[PDB]
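Q: Below is coords.txt; it holds compact mmCIF, C-alpha atoms.
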# COMPACT_ATOMS: atom_id res chain seq x y z
CA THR G 21 0.00 0.00 0.00
CA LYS G 22 1.73 3.14 -1.23
CA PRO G 23 1.79 6.05 1.24
CA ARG G 24 -0.82 8.65 0.33
CA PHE G 25 -0.12 12.03 -1.17
CA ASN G 26 -1.52 14.93 0.84
CA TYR G 27 -3.10 17.95 -0.85
CA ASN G 28 -4.48 19.64 2.30
CA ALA G 29 -7.97 19.71 0.80
CA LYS G 30 -11.09 20.22 2.90
CA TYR G 31 -11.74 17.13 5.07
CA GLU G 32 -8.87 15.31 3.37
CA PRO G 33 -7.19 12.92 5.82
CA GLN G 34 -3.46 13.40 6.32
CA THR G 35 -2.24 9.84 5.71
CA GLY G 36 -5.04 7.27 5.20
CA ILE G 37 -8.08 6.40 3.07
CA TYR G 38 -11.58 7.07 4.38
CA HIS G 39 -13.75 3.94 4.52
CA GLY G 40 -17.18 4.58 2.99
CA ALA G 41 -20.21 2.43 2.23
CA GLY G 42 -23.81 2.67 1.09
CA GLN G 43 -26.29 3.25 -0.03
CA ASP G 44 -29.41 2.84 2.10
CA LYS G 45 -29.82 2.62 5.85
CA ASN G 46 -30.40 -1.13 6.02
CA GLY G 47 -27.77 -2.14 3.45
CA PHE G 48 -25.29 0.03 5.36
CA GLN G 49 -26.16 -1.68 8.65
CA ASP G 50 -25.95 -5.16 7.08
CA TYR G 51 -22.50 -4.26 5.73
CA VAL G 52 -21.33 -2.96 9.12
CA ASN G 53 -22.70 -6.08 10.83
CA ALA G 54 -20.69 -8.14 8.33
CA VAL G 55 -17.33 -6.32 8.45
CA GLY G 56 -17.47 -5.73 12.21
CA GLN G 57 -18.56 -2.87 14.44
CA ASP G 58 -14.89 -1.90 14.88
CA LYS G 59 -14.60 -1.25 11.11
CA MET G 60 -17.59 1.10 10.92
CA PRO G 61 -17.24 3.31 7.80
CA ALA G 62 -16.39 6.95 8.32
CA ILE G 63 -18.58 7.81 5.30
CA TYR G 64 -22.30 7.11 4.72
CA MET G 65 -23.75 7.39 1.21
CA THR G 66 -26.99 9.24 0.51
CA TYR G 67 -28.68 10.94 -2.44
CA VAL G 68 -31.07 13.78 -3.17
CA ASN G 69 -32.45 15.27 -6.37
CA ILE G 70 -32.68 19.06 -6.36
CA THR G 71 -35.64 19.05 -8.76
CA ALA G 72 -37.93 17.19 -6.35
CA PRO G 73 -40.55 19.14 -4.38
CA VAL G 74 -39.21 21.19 -1.48
CA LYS G 75 -40.97 18.94 1.04
CA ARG G 76 -39.11 15.93 -0.39
CA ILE G 77 -35.76 17.63 0.12
CA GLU G 78 -36.94 18.50 3.64
CA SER G 79 -37.96 14.91 4.37
CA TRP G 80 -34.71 13.59 2.87
CA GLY G 81 -32.86 15.78 5.36
CA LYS G 82 -34.95 14.76 8.36
CA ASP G 83 -34.67 11.05 7.55
CA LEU G 84 -30.92 11.49 7.08
CA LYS G 85 -30.54 13.32 10.40
CA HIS G 86 -32.44 10.54 12.20
CA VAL G 87 -30.32 7.80 10.62
CA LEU G 88 -27.05 9.63 11.33
CA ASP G 89 -28.09 10.31 14.92
CA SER G 90 -28.96 6.62 15.26
CA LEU G 91 -25.36 5.73 14.36
CA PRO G 92 -22.12 6.52 16.21
CA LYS G 93 -21.20 10.20 16.16
CA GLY G 94 -18.77 11.48 13.53
CA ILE G 95 -20.06 9.72 10.39
CA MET G 96 -19.72 11.97 7.33
CA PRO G 97 -22.56 11.88 4.79
CA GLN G 98 -21.45 11.71 1.18
CA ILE G 99 -24.28 13.22 -0.84
CA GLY G 100 -24.94 12.42 -4.46
CA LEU G 101 -26.74 15.62 -5.49
CA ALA G 102 -28.53 15.26 -8.82
CA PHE G 103 -30.71 17.56 -10.89
CA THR G 104 -32.51 15.23 -13.34
CA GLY G 105 -36.10 14.74 -14.46
CA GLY G 106 -36.15 10.97 -14.87
CA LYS G 107 -34.55 7.74 -13.70
CA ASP G 108 -31.42 7.52 -15.89
CA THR G 109 -33.35 8.77 -18.93
CA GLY G 110 -30.97 11.56 -19.97
CA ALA G 111 -33.37 14.10 -18.43
CA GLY G 112 -30.88 16.64 -17.17
CA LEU G 113 -32.45 19.75 -15.67
CA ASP G 114 -29.20 21.68 -15.23
CA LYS G 115 -30.14 24.56 -17.54
CA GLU G 116 -33.26 25.20 -15.43
CA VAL G 117 -31.30 25.01 -12.17
CA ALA G 118 -28.73 27.42 -13.64
CA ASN G 119 -31.62 29.82 -14.34
CA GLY G 120 -33.08 29.91 -10.82
CA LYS G 121 -36.07 27.61 -11.29
CA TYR G 122 -35.07 25.44 -8.33
CA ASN G 123 -33.68 28.13 -6.03
CA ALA G 124 -36.24 27.18 -3.38
CA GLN G 125 -35.01 23.58 -3.45
CA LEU G 126 -31.39 24.74 -3.24
CA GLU G 127 -32.27 26.85 -0.20
CA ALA G 128 -33.86 23.80 1.40
CA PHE G 129 -30.72 21.79 0.64
CA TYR G 130 -28.44 24.43 2.22
CA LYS G 131 -30.68 24.48 5.29
CA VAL G 132 -30.40 20.71 5.70
CA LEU G 133 -26.61 20.97 5.56
CA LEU G 134 -26.58 23.80 8.08
CA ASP G 135 -28.96 21.84 10.34
CA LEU G 136 -26.74 18.74 10.14
CA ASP G 137 -23.82 20.97 11.21
CA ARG G 138 -21.18 18.32 10.60
CA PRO G 139 -18.50 17.53 8.01
CA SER G 140 -19.84 15.99 4.82
CA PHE G 141 -19.20 15.71 1.10
CA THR G 142 -21.46 16.84 -1.76
CA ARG G 143 -20.89 15.29 -5.19
CA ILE G 144 -22.53 18.10 -7.16
CA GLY G 145 -24.12 16.63 -10.29
CA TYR G 146 -22.30 13.34 -9.80
CA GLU G 147 -21.34 11.44 -12.95
CA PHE G 148 -21.54 14.77 -14.75
CA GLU G 149 -20.60 13.46 -18.20
CA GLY G 150 -22.79 10.34 -18.39
CA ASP G 151 -25.47 10.40 -21.07
CA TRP G 152 -27.97 8.98 -18.57
CA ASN G 153 -27.79 12.37 -16.84
CA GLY G 154 -27.61 14.58 -19.93
CA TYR G 155 -25.92 17.56 -18.29
CA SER G 156 -24.55 20.32 -20.50
CA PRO G 157 -21.02 21.60 -19.78
CA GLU G 158 -21.72 25.32 -19.47
CA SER G 159 -24.82 24.97 -17.30
CA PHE G 160 -23.16 22.24 -15.21
CA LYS G 161 -20.23 24.54 -14.39
CA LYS G 162 -22.54 27.42 -13.47
CA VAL G 163 -24.52 25.29 -11.04
CA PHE G 164 -21.33 23.84 -9.55
CA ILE G 165 -19.81 27.28 -9.00
CA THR G 166 -23.08 28.61 -7.57
CA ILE G 167 -23.36 25.83 -4.99
CA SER G 168 -19.66 26.03 -4.12
CA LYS G 169 -19.86 29.79 -3.51
CA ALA G 170 -23.01 29.32 -1.45
CA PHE G 171 -21.21 26.72 0.70
CA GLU G 172 -18.40 29.22 1.39
CA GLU G 173 -20.71 32.21 1.97
CA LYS G 174 -22.81 30.19 4.45
CA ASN G 175 -19.77 28.43 5.99
CA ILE G 176 -21.41 25.11 5.25
CA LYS G 177 -19.45 22.10 6.53
CA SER G 178 -19.33 20.29 3.21
CA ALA G 179 -16.51 19.63 0.73
CA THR G 180 -17.45 19.74 -2.95
CA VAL G 181 -16.62 16.69 -5.08
CA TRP G 182 -16.36 16.82 -8.89
CA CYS G 183 -17.19 13.20 -9.67
CA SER G 184 -16.75 11.55 -13.08
CA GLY G 185 -18.73 8.62 -14.40
CA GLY G 186 -15.44 7.06 -15.47
CA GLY G 187 -15.54 3.92 -17.57
CA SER G 188 -19.34 3.82 -17.61
CA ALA G 189 -19.14 7.06 -19.63
CA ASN G 190 -16.36 5.61 -21.86
CA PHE G 191 -13.40 7.46 -20.22
CA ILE G 192 -13.75 10.63 -22.28
CA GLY G 193 -10.50 12.45 -23.04
CA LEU G 194 -9.11 15.14 -20.77
CA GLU G 195 -10.13 17.98 -23.09
CA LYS G 196 -13.74 16.77 -22.98
CA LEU G 197 -13.57 16.32 -19.19
CA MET G 198 -12.24 19.84 -18.69
CA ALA G 199 -15.27 21.29 -20.50
CA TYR G 200 -17.15 20.27 -17.33
CA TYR G 201 -14.46 21.46 -14.90
CA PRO G 202 -15.32 24.59 -12.87
CA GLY G 203 -11.76 25.35 -11.77
CA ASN G 204 -9.55 24.37 -8.84
CA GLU G 205 -10.81 27.21 -6.66
CA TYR G 206 -14.33 25.72 -6.53
CA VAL G 207 -13.49 22.00 -6.21
CA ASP G 208 -12.29 20.40 -2.98
CA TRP G 209 -12.03 16.78 -4.19
CA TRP G 210 -12.10 14.94 -7.48
CA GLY G 211 -14.14 11.77 -7.74
CA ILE G 212 -14.61 8.79 -10.03
CA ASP G 213 -16.98 5.84 -9.99
CA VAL G 214 -15.59 2.37 -10.71
CA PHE G 215 -17.94 -0.45 -11.73
CA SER G 216 -17.17 -2.92 -14.55
CA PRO G 217 -14.02 -5.01 -13.91
CA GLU G 218 -12.45 -4.06 -17.27
CA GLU G 219 -12.23 -0.48 -16.03
CA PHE G 220 -9.34 -1.34 -13.70
CA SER G 221 -6.91 -1.99 -16.56
CA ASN G 222 -8.14 0.79 -18.87
CA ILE G 223 -5.57 3.48 -19.58
CA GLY G 224 -8.31 6.07 -19.10
CA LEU G 225 -8.36 5.27 -15.38
CA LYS G 226 -4.61 5.88 -15.04
CA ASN G 227 -4.91 9.12 -17.02
CA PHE G 228 -7.63 10.35 -14.66
CA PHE G 229 -5.47 9.74 -11.58
CA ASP G 230 -2.51 11.41 -13.33
CA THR G 231 -4.40 14.65 -13.96
CA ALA G 232 -6.14 14.72 -10.57
CA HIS G 233 -2.67 14.69 -9.06
CA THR G 234 -1.41 17.63 -11.12
CA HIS G 235 -4.61 19.54 -10.28
CA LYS G 236 -3.43 18.89 -6.68
CA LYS G 237 -6.78 17.36 -5.65
CA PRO G 238 -7.37 14.13 -3.70
CA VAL G 239 -9.56 11.50 -5.33
CA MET G 240 -12.63 9.81 -3.86
CA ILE G 241 -14.01 6.62 -5.37
CA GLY G 242 -17.49 8.11 -5.12
CA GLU G 243 -19.29 4.85 -5.99
CA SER G 244 -18.08 1.30 -6.53
CA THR G 245 -19.65 -2.14 -6.82
CA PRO G 246 -18.64 -5.43 -8.53
CA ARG G 247 -20.87 -4.71 -11.50
CA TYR G 248 -21.61 -7.80 -13.64
CA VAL G 249 -19.55 -9.85 -11.15
CA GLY G 250 -21.30 -9.81 -7.79
CA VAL G 251 -20.10 -11.84 -4.81
CA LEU G 252 -21.80 -15.20 -5.22
CA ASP G 253 -18.98 -17.04 -7.02
CA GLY G 254 -16.54 -16.79 -4.11
CA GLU G 255 -12.89 -16.78 -5.11
CA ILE G 256 -13.95 -16.21 -8.73
CA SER G 257 -15.82 -13.03 -7.79
CA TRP G 258 -13.00 -11.90 -5.50
CA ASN G 259 -10.28 -12.31 -8.14
CA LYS G 260 -12.34 -10.75 -10.94
CA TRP G 261 -13.34 -7.50 -9.19
CA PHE G 262 -12.26 -7.16 -5.57
CA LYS G 263 -8.61 -8.09 -6.11
CA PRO G 264 -8.05 -5.37 -8.77
CA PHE G 265 -10.16 -2.93 -6.71
CA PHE G 266 -7.88 -3.13 -3.69
CA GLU G 267 -4.83 -3.16 -5.97
CA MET G 268 -6.17 0.12 -7.42
CA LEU G 269 -6.43 1.63 -3.94
CA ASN G 270 -2.90 0.48 -3.08
CA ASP G 271 -1.30 1.70 -6.32
CA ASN G 272 -2.65 5.26 -6.60
CA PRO G 273 -1.48 7.49 -3.72
CA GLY G 274 -3.98 10.26 -4.58
CA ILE G 275 -6.97 8.11 -3.61
CA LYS G 276 -8.05 9.26 -0.14
CA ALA G 277 -11.57 7.81 0.13
CA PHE G 278 -13.67 4.99 -1.30
CA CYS G 279 -17.39 4.20 -1.13
CA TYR G 280 -18.59 0.59 -1.57
CA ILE G 281 -22.26 -0.02 -2.49
CA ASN G 282 -23.51 -3.10 -0.62
CA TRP G 283 -26.59 -3.76 -2.74
CA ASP G 284 -28.67 -6.50 -4.32
CA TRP G 285 -28.90 -4.52 -7.54
CA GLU G 286 -31.71 -6.68 -8.96
CA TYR G 287 -33.87 -5.93 -5.92
CA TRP G 288 -33.21 -2.20 -5.97
CA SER G 289 -33.84 -1.94 -9.73
CA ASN G 290 -37.29 -3.46 -9.31
CA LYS G 291 -38.03 -1.39 -6.20
CA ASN G 292 -36.85 2.04 -7.39
CA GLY G 293 -37.26 1.55 -11.15
CA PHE G 294 -33.67 2.24 -12.16
CA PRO G 295 -31.88 0.26 -14.92
CA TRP G 296 -29.46 -1.82 -12.84
CA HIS G 297 -31.27 -5.14 -13.17
CA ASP G 298 -28.29 -7.26 -14.27
CA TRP G 299 -25.56 -5.63 -12.17
CA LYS G 300 -25.59 -8.75 -9.86
CA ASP G 301 -25.55 -9.21 -6.07
CA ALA G 302 -22.96 -6.98 -4.35
CA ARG G 303 -23.90 -7.81 -0.73
CA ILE G 304 -20.61 -9.00 0.73
CA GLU G 305 -22.38 -10.72 3.65
CA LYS G 306 -23.96 -13.16 1.14
CA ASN G 307 -20.72 -15.01 0.36
CA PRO G 308 -18.39 -16.32 3.09
CA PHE G 309 -15.22 -16.15 0.99
CA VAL G 310 -15.75 -12.57 -0.16
CA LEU G 311 -16.95 -11.46 3.27
CA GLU G 312 -13.81 -12.83 4.95
CA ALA G 313 -11.48 -11.51 2.26
CA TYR G 314 -13.10 -8.08 2.44
CA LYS G 315 -12.92 -7.95 6.24
CA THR G 316 -9.23 -8.82 5.98
CA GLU G 317 -8.64 -5.91 3.60
CA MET G 318 -10.40 -3.58 6.06
CA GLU G 319 -7.82 -4.58 8.69
CA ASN G 320 -5.16 -2.81 6.57
CA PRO G 321 -4.15 0.20 8.74
CA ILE G 322 -4.35 2.54 5.73
CA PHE G 323 -8.16 2.56 6.07
CA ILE G 324 -9.79 5.15 8.35
CA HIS G 325 -12.84 3.75 10.13
CA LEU G 326 -15.16 5.01 12.90
Translate this file's structure into structure tokens.

A:
Amino acid sequence: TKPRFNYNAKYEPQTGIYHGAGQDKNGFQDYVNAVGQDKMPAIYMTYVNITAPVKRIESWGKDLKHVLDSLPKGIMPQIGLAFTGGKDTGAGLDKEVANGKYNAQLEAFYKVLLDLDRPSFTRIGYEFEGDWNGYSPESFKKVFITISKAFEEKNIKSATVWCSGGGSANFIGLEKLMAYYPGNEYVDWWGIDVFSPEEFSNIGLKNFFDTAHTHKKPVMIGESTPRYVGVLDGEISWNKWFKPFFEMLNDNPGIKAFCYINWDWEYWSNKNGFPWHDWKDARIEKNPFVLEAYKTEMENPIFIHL
């Protein structure tokens, strides 16, 4: 495990990698029960869509407060903040948000963060370049800058994360990525989501880490799961996805946080109507080999729990 770089970013740990998991209250608890109470993640994954009614943002916040207060103190929420008008249908609403149409929702979102009054991360328009979200570069940047300036003006305890869809969005070149980039002054962390096992050996992944480092920003794996692999084949599942995953964390000193999604993706696709039906079963507690191998990785001192 290579020693980490340190960029002195907001909420960036000095030497380790934050342990994160998600992405619902019961899946999180099942995961913690499986890896051990002493390896409780420091990061809890949650999501909110800024184009929902104001009362839904308000109830998202109240439910999140209750869950966080039910857990040990100090957990940092990692918020996937979307602005879309459909479930992975390309229905980006970023131009409308840029124009003020959802200012009331944004105010409700800021209020939740001020009420939580604790360190957190906001992935603003996460997976910004994926065609399932359909964000446009110029309106994406305006929204990002607006929320980042509001965080600073309100002294909100949240670090902004500029989070790429990575291989799922075909590892677009750096010039195309920079069309979405609001500038170092508005971005606390970079982020990338890692899903299909082929992504680990794709040169696009290396190139992303290379340029994050020269932007002097730490990297969060904002979302990860053994997509199309699952856990149910034991050593076969481990070697196909988990082994390269932890190799990736070891080999890239700019990675300072990771978030593992402990989900039965078939179940959640049917329940929430998203198109993840064949992503396979990522619940590590459902296979003894993977559970034990994963627990062993979490004993690596590089990982920051609690």

Q: Separation of CA of residue 115 (chain G) and CA of residue 134 (chain G), in Å?

A: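 Distance between the two atoms: 25.9 Å.
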
Q: Set out as a tab-separated table a contact list for region 53-147 of chain G and region 275-284 of chain G with a cut-off of 10 Å, giving each residue of region 53-147 of chain G that qualifies its closest atom pair and distance in Å to one decimal, counting all atoms listed in the file, ordered by chain and rising residue number.

A:
residue	atom	partner	partner_atom	distance
G:61	CA	G:279	CA	9.0
G:62	CA	G:277	CA	9.5
G:63	CA	G:279	CA	7.5
G:64	CA	G:279	CA	8.2
G:65	CA	G:279	CA	7.5
G:98	CA	G:279	CA	8.8

Q: In terms of the shortest atom-to-atom distance over all atoms listed in the file, which of G:29, G:60, G:223, G:249 is closest to residue 323 (chain G)?

A: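 Residue with the minimum atom-to-atom distance to residue 323 (chain G): G:60.
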
Q: Here is a test: counting only C-alpha atoms, which residue of G:41, G:118, G:113, G:269 is nearest to residue 164 (chain G)?

A: G:118

Q: In the coordinates of the file, take the point (-1.2, 7.5, -5.7) and a cut-off of 8 Å; then, counting only C-alpha atoms, name each qualifying protein, DNA or RNA residue as a compact mmCIF listing (two decimals) with C-alpha atoms, in the frame of the given file.

A:
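Full text of part-v8.txt as output:
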# COMPACT_ATOMS: atom_id res chain seq x y z
CA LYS G 22 1.73 3.14 -1.23
CA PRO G 23 1.79 6.05 1.24
CA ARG G 24 -0.82 8.65 0.33
CA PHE G 25 -0.12 12.03 -1.17
CA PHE G 229 -5.47 9.74 -11.58
CA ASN G 270 -2.90 0.48 -3.08
CA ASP G 271 -1.30 1.70 -6.32
CA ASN G 272 -2.65 5.26 -6.60
CA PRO G 273 -1.48 7.49 -3.72
CA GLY G 274 -3.98 10.26 -4.58
CA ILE G 275 -6.97 8.11 -3.61

Q: Quick one: residues within 10 Å of residue 125 (chain G), all atoms listed in the file, excluding same-chain residues fewer than 4 positions away - as a CSV table (one decimal) with C-alpha atoms, keeping the file's coordinate frame?

A:
chain,number,residue,atom,x,y,z
G,69,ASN,CA,-32.4,15.3,-6.4
G,70,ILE,CA,-32.7,19.1,-6.4
G,71,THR,CA,-35.6,19.0,-8.8
G,72,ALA,CA,-37.9,17.2,-6.4
G,73,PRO,CA,-40.6,19.1,-4.4
G,74,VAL,CA,-39.2,21.2,-1.5
G,75,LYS,CA,-41.0,18.9,1.0
G,76,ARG,CA,-39.1,15.9,-0.4
G,77,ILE,CA,-35.8,17.6,0.1
G,78,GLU,CA,-36.9,18.5,3.6
G,117,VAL,CA,-31.3,25.0,-12.2
G,120,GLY,CA,-33.1,29.9,-10.8
G,121,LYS,CA,-36.1,27.6,-11.3
G,129,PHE,CA,-30.7,21.8,0.6
G,130,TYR,CA,-28.4,24.4,2.2
G,131,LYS,CA,-30.7,24.5,5.3

Q: Between CA of residue 304 (chain G) and CA of residue 51 (chain G), what is the distance in Å, rounded to a tenth?

A: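 Here the two named atoms are 7.1 Å from each other.
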
Q: Quick one: distance from CA of residue 201 (chain G) to CA of residue 122 (chain G) in Å, one decimal?

A: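 Going from CA of residue 201 (chain G) over to CA of residue 122 (chain G) covers 22.0 Å.
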